[PDB]
Amino acid sequence: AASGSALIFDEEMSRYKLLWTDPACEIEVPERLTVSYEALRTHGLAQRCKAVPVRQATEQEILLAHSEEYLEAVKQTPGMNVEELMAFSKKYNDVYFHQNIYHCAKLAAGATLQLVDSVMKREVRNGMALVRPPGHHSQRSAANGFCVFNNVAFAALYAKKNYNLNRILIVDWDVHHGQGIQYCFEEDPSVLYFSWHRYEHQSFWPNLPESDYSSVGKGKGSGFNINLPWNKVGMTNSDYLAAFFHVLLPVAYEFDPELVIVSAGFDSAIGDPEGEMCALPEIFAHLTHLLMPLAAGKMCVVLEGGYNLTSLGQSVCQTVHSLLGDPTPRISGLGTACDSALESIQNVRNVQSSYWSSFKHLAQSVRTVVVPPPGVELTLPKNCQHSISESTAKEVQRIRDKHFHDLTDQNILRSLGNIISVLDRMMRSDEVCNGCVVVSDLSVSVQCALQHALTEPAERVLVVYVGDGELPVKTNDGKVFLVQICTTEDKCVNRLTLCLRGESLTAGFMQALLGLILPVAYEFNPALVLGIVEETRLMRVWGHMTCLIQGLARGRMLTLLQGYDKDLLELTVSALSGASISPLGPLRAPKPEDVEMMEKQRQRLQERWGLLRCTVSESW
Ligand SMILES: NCCCNCCCCCS
Ligand SMILES: [K+]
Ligand SMILES: [K+]
Ligand SMILES: [Zn+2]
């Protein structure tokens, strides 16, 4: 039922600055906050979001994650002169205090809870809070690393207390380790913390052994703290995505969180003087989009770091773009992760394998267009449409006399005539985005759709098809890759066929969609995705599938549904229109026959498609 997307911001949080000379903190300036809002203003996104107002956080909300002794210590800072403030900040590591910092810290906190209420009250689908100071480094009784109060921690405790939540996912994609978040929920299994961060074998700030993949949680919460330590700088987009596909996304879907909260730090981006990574701002449109099908979209993004005033604004806009459902930009040049990345991904997978057994190994403004059958009318969301013109049918009959001399079924040449002009509408006219047509028979509809697609032009076409038997698709020339889910052996590299027989069919389809299907497709970088579903059901996953694949081809997907299914066609096109995606509940474990099936496919393909690799290669 939820609709919009909240943007909480207030220029008041830019009214505090570092005063004395301090090389540690000089990177943390008020312009971080104004540059990123005026960047949202320029690109026309800030205006597109419900502007929830900032509030102060009550002292009983602050005591949720801090001690009265440290609350009172901070509470006295507004009365101090700079002789007294630079003495109070020396008591902590890499943090500075201002006359207004306590006031703004309460705003940064309350602005987060404002966002939590907005999302959880179904008032908005998701949202982001542009706040200052950051949060993830502050602890129960200490300010640390530009942070005063742990904003993201408040949101989790707050949503737990005031909404009776059992499963919250915190994703900290800032490039520093949020130790205050890990400390807070260390023994807590209801808040699943994930943090990737620049480690350099403990050489980088905050220089903690708890930031390592060693630490997984104390007591009854063990397995709900996940640290991915980057041990070398210069991480590429492929490094960030392989981390999602192979540790974060598999854990998040079998965790099935009821609310996703993000520590959005953009010092993890290229050009940041502190992160020294190489991920482009576009990657955050995908890190955001890959997380949308969790918690039915209820996602609360909260700003942390990001210190290149140029590179900061660009990545903030890529994030809000995907929150509003705008098409995610294609990512080219993707490949295998770097060797150290594969090292730490392999290490963290192993330690956590005793808690998530999906990690075990054998010992060694119109968006969508629908075309239902004629005479069928249906109720559709506010970004959909229906059907042919003279110049379209001219080619449709041309195609007939050349390749289909013996086919006179007026139902099917309406199948093909629509297929052509929806593709003409998607690629050529650039008006509509996605599409779904219900076709009569496939051998003619699939062949017609694919061949007309390459001449749009479509440099590369990813084809996802569920059902048994081969199709009329030539997969040899390298301009088309085929994913098939059926009930068969495999030979060439540009294909991938899966057969899972079962009650865990929805659990295996996910562990194979994140483990295999997504990493291939992202490296493949198509211009168009072609979905095909034959009449031969089990649709708990199609919504998630049809949603996560739209990270490719800049969203442009066409679906061929054979045989009208009221509840199926309703499921596909709402995933295409961008609606919230229904959770699966917690994902159970797949069968050993099916995971042994999967690793046989990974090792068979990971040489051409390096994004499949989740362990570092054994040199010959
Ligand atoms: N060059 C000195 C930086 C000290 N480390 C501060 C950590 C700030 C991260 C907040 S996201
Ligand atoms: K982090
Ligand atoms: K935890
Ligand atoms: Zn940071």
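Residue numbering: from 1, along the chain as shown.
Every residue gets a Cβ built from N, Cα and C, even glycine.
The range from 23-26, 119-122, 451-454 that Swiss-Prot describes as motif 'Substrate specificity' is residues 23-26. Swiss-Prot names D94, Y307 for binding substrate. Of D22, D239, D256, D339, the residue it gives for the same site is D22. Of the residues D267, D272, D326, Swiss-Prot places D267 in the same Zn(2+) site as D174, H176.
When Cβ-Cβ distances below 8 Å are used as the criterion, the motif 'Substrate specificity' (23-26) is approached by residues 94-96, 146 of the same chain, each at least six residues removed from its ends. Helix first, then strand, then coil: DSSP counts for the motif 'Substrate specificity' (23-26) stand at 0 helix, 0 strand, 4 coil. Between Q364 and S365, the deposited coordinates omit 47 residues, leaving a Cα-to-Cα distance of 54 Å across the break.
Proximity of the binding-site residues (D22, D94, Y307) to ligand 4: a Cβ under 6 Å from the molecule is found for none of them. In this structure, the binding-site residues under consideration are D22, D174, and the one with the smallest number of other Cβ atoms within 10 Å of its Cβ is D22. Every protein chain considered, the tally of other Cβ atoms within 10 Å of the Cβ of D94 (substrate binding site) stands at 17. If you take the Cα of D22 (substrate binding site) and the Cα of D174 (Zn(2+) binding site), they are about 22 angstrom apart, rounded to a whole number.
Close to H176 (Zn(2+) binding site) in the fold, though at least 6 residues off in sequence, lie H136, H137, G145, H197, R198, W205, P206, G265, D267, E274, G305, each with a CB less than 8 Å from its CB.
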